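Participant: Sharing an experimental structure here, sequence included.
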Amino acid sequence: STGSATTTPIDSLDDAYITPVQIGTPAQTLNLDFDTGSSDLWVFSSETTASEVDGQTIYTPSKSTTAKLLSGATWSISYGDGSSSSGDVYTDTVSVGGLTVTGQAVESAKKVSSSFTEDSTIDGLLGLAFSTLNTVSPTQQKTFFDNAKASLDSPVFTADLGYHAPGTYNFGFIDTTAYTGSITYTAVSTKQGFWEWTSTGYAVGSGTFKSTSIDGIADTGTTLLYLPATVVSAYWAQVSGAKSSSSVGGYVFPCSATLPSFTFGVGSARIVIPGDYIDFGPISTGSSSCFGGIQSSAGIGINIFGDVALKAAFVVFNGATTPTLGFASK
C-alpha cells in the first residue's frame, strides 16, 4: 500500500505545516502537524479542558464506532520549544492520504499548554520519529509509520515541504518526479530515537564549502535551522547589521537585507537553502527588525535540521531494518 497527503503551511511564514488525517468511523478529519522529531500521535479532543480549546477541530471518540479506550494508558509530552500536552489513549482507525492503519494509538489530550491553545490551525501532532520515544505509559505505543510499515510497498515516507506553498508527505513510495538529480543517502543513528545524521559541512552564500561534521536531526516539527554557534555566526556575519539579541531570543537582521543562501552537505552532495527561506519577518508587527531562520543550537543540546533546511530538499525517511535518510534537490 501507499499514501499521499498534501501538507500546507499554517501561515505566511511557514511556521508549521498541517496535513489532513482521518480518524475514526465515520471519519473525523483533523489537521495534524507531522513531526519527525517526536513519536506521539495526539489530538485535541472532546476530553480536552474546554478553556484550552480555541478554534481547533476536536476528535470525539464517543462518535467513532471503531474507537476503543486503551485502558490504563496515559501520555505526557514536552517539546523542545517548552510546549506540552497530556491525556489518555484510544485506539482507532487512522488514515493518511489513502493509507489506513487500524488499531492506531490516538492520544487524546486532556491538557495542552498555551502555545497549542493559541494555535487554532493545529489540531494535534502526528509523530514520525522512532517509536522508542513514544510517551504512552505503561505500554509504549507505535507510530503511524511503524504500524503501517509492513503493509507499505516500501518501508519509507518522504517529506516534500513547500516554501510559502503546499507540499507533500508520501508513504510507501518515492515519487521520482518530485525531485531533480539523484537522492543522496546518508547514515542514521537511532540511538536517541531521532532521524539523526551527520551533515558533511556548509557554505554561506557563494562562499567556499567548509568540510566539517555536523550531527543533527531531521525534524519536520521544528520550524528553523539550529546549528552550532560557530556556523551561525559565520552566516550572520555576511548580513550587514545582523546581531544576536538575547531580548528577542536569537539572531535578528535588518528587514531591508537581502539574505545570502546557506548550503549544507549530504555526503558529497549539497542542498542549497535560498536566502528568502531564512527570513521569518518582523520580530513584532511593524518592526523593521526581522527574525533569522538560522539560529544557534547552543543550549538546545542538539543541532536541528528543521523546516528551513528540509523544505529546500526532497527528503526520504527510509525505515528499512537499517534506517537511512535521503536528500535530493528539487
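Facilitator: Received the coordinates, thanks. Numbering: from 1, shown residues only.

Participant: secondary structure class for the residue nearest the centre of the chain?
Facilitator: The centroid of the chain falls nearest to residue 220 when counting by Cα atoms, centre = their mean (1.8 Å). Here residue 220 is recorded as coil under DSSP: H, G, I helix; E, B strand; the rest coil.

Participant: domains of the chain?
Facilitator: 5-174, 175-330 (curated CATH domains).

Participant: you'd agree the residue nearest to the centre of the chain is up against residue 128?
Facilitator: Yes. Taking Cβ atoms under 8 Å as the definition, residue 220 is a contact partner of residue 128 at 7.2 Å. Heads up, the C-betas are built off the backbone N, CA and C, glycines and all.

Participant: Kindly list the main-chain dihedrals of residue 126?
Facilitator: phi -120, psi 110 (degrees, to the nearest 10).

Participant: Which residues are in contact with it?
Facilitator: Each residue near residue 126 by Cβ atoms under 8 Å, 6 or more residues apart in numbering is listed here: 19, 21, 32-35, 41, 96, 144.

Participant: Format those as JSON lines; extra columns: neighbour count.
Facilitator: Formatted as JSON lines, these follow (neighbours: other Cβ atoms under 10 Å):
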{"residue": "19", "neighbour count": "21"}
{"residue": "21", "neighbour count": "26"}
{"residue": "32", "neighbour count": "27"}
{"residue": "33", "neighbour count": "22"}
{"residue": "34", "neighbour count": "25"}
{"residue": "35", "neighbour count": "22"}
{"residue": "41", "neighbour count": "29"}
{"residue": "96", "neighbour count": "25"}
{"residue": "144", "neighbour count": "27"}
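
Participant: re the thing from before, in space, what's closest to the residue nearest to the centre of the chain - neighbours in sequence excluded?
Facilitator: residue 36 (4.5 Å; Cβ to Cβ, 6 or more residues apart in numbering).

Participant: neighbours of that neighbour, just the number please.
Facilitator: 29 (other Cβ atoms under 10 Å).

Participant: now residue 54
Facilitator: Counted with other Cβ under 10 Å, the neighbours of residue 54 add up to 13.

Participant: distance of the residue nearest to it when sequence neighbours are not counted from residue 224?
Facilitator: Nearest non-adjacent residue to residue 54, counting by Cβ to Cβ, 6+ apart: residue 117, 5.2 Å away. Residue 117 is 22 Å from residue 224, where distance means Cβ to Cβ, to the nearest Å.
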